[PDB]
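In structure tokens, one chain follows: the form deposited in one PDB entry.
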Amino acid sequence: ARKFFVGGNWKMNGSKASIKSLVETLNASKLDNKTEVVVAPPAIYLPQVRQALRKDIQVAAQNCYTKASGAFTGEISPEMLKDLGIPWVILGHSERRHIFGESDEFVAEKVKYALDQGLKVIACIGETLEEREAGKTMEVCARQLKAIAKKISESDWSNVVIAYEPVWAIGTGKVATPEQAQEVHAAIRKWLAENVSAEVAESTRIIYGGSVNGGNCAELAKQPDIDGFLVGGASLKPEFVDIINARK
């Protein structure tokens, strides 16, 4: 069975003091040992967190670039992340696609380069409010996934978790209903089966993000094609523990 997966995306939030307190809370918490947990601090706090955090929670960067090294002021390579012992990276997050203009292909290039350099990837996809209203959610998700599949192999998928995050659900306090999320997850899984392989479809975690909190996580977690969550706002708070424990 697919191991339940909960990721915390801290985004551009944190200080030494606030992170120390967040990590202390996590370090004292009783977590379901069947949940794979990853947290993603801002890049400059990766060392602090990797040092201080319980080793059964893994650390992620929030972005990386497509080359080993070179003249890319302000960018970090996957090699650097491995060097510092950071096993995961979030790629293609809605904010990077929509605010920072990362194309489907650029995201796909990052995913391939990160995997080839030994990182595990949370690959983010999802539709805008307008695309949802048009009934084109899966067409968008399919386009974003196809770009990734063009650049990575069948075997490469073993270290990918797909995060489905409707743009209209991110930070808006409007969560997808269990029906809405389940339908997309089942459709993504079918896409994987038809375009990549049945084995990749059966094995790949598809996690939901967009306004997940302590109050709505349990019902979402009961859906047969939802394998966990990518948590933004709630990941900064003690209720993150309740989400890790959503199946408990």
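We call the rigid core whatever largest set of C-alpha positions still superposes within 1.5 Å between the two forms. Quick note: we count residues from 1 along the sequence shown, nothing fancier.
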{"query": "Of 159 to 167 and 78 to 86, the stretch whose C-alpha atoms average the higher B-factor in the entry", "finding": "78 to 86"}
{"query": "Ranked against its chain, the third holding the CA B-factor of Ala218", "finding": "highest"}
{"query": "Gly126 - Cα temperature factor, lowest/middle/highest third of chain", "finding": "lowest"}
{"query": "Assigned third (lowest, middle, highest) for the C-alpha B factor of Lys151", "finding": "highest"}
{"query": "Lowest, middle or highest third - CA B-factor, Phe72", "finding": "lowest"}
{"query": "Lowest, middle or highest third - CA B-factor, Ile188", "finding": "lowest"}
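Not pictured, yet referred to below: the form deposited in another entry.
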| property | result |
| --- | --- |
| Position that moves between this form and the one not shown after core superposition, taken from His98, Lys174, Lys146, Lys82, with Cα shift of 2 Å or more | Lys174 |
| Closer or farther: C-alpha pair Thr128/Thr172 in the other entry, relative to this form, given a change of 3 Å or more | closer |
